[PDB]
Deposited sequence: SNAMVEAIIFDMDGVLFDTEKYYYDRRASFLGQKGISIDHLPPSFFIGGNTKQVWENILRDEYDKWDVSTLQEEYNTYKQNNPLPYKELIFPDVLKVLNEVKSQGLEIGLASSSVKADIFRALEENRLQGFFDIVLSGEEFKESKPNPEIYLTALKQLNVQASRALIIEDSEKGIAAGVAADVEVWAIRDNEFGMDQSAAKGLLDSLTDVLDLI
């Protein structure tokens, strides 16, 4: 019930539906090696080769598995065009029409943020784009969001953050900014710290 001058969006889980794809990509790689991951549901991932390999741990050169998995991810990049939520461009366009500043904050590496935005005609919507990889700090530390406010030149009280993960929500709130989370109905993410939960990105329009 206050003036909103800027909206800052997280990327994964907010603009792109990524969690299942990440899980399935790992599962596919392991399947190719003959390694089962049935004992670790997606929730487990909400450092872990010993958990993954379980009884088979001593049978594998883990350095080599990591190298092969890395190659697999290079050969199977996240298909951002397929995973974008279908209301993203509509919502961002409307936020922009209303004259609000728009920020993007993401824990993803800059090369991936670049490709996600370019593949989906998104780069023109954002006034400021930040990657967690240029910060010493990681969520739940609020540094990324404090930086976003500074670079957007917007007071915390006049900003809104749209998040999903427990650590991401925590980072936004510790920046003294109102946080709404895209409701997670699948992975058990604890989103109780958010001001409220949104069924989709379209619901963000009701906050401004």
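**Q** Where the model has no C-alpha, note the corresponding stretch of the deposited sequence, numbering from 1.
**A** No C-alpha for residues 1, 48 to 52.
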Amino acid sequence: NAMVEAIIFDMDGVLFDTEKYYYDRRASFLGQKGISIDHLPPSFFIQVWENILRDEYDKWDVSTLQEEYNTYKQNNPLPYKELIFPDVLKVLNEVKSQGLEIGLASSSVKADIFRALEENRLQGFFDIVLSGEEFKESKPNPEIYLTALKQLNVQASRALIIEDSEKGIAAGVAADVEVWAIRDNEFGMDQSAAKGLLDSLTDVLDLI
From here on, numbers count along this sequence of modelled residues.
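**Q** Please work out which of 47 to 55 and 141 to 149 has the higher mean CA B-factor as recorded in the PDB entry.
**A** For C-alpha atoms only, the mean B-factor is higher in 47 to 55.
**Q** Using only the Cα atoms and their B-factors as the entry lists them, report which of 132 to 140 and 72 to 80 averages higher.
**A** Here the higher of the two C-alpha B-factor means belongs to 132 to 140.
**Q** Among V154, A171, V179, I37, where is the Cα B factor highest in this entry?
**A** Comparing C-alpha B-factors across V154, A171, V179, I37, the top value belongs to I37.
**Q** Comparing against every modelled residue in the chain, figure out the third that the C-alpha B-factor of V4 lands in (lowest, middle or highest).
**A** It falls in the bottom third of the chain.
**Q** Would you please rank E163 by its C-alpha temperature factor against the other modelled residues of its chain and give the third it falls in: lowest, middle or highest?
**A** Answer is lowest: the recorded C-alpha B-factor places it there.
**Q** So where's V88 on the chain's Cα temperature factor ranking, which third?
**A** It belongs to the lowest third of the chain when residues are ordered by C-alpha B-factor.
**Q** Ranking every modelled residue in this chain by its Cα temperature factor as given in the entry, which third contains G13?
**A** Answer is lowest: the recorded C-alpha B-factor places it there.
**Q** Within this chain, which third does the Cα B-factor at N120 fall in: lowest, middle or highest?
**A** As the PDB entry reports it, the C-alpha B-factor of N120 lands in the lowest third of its chain.
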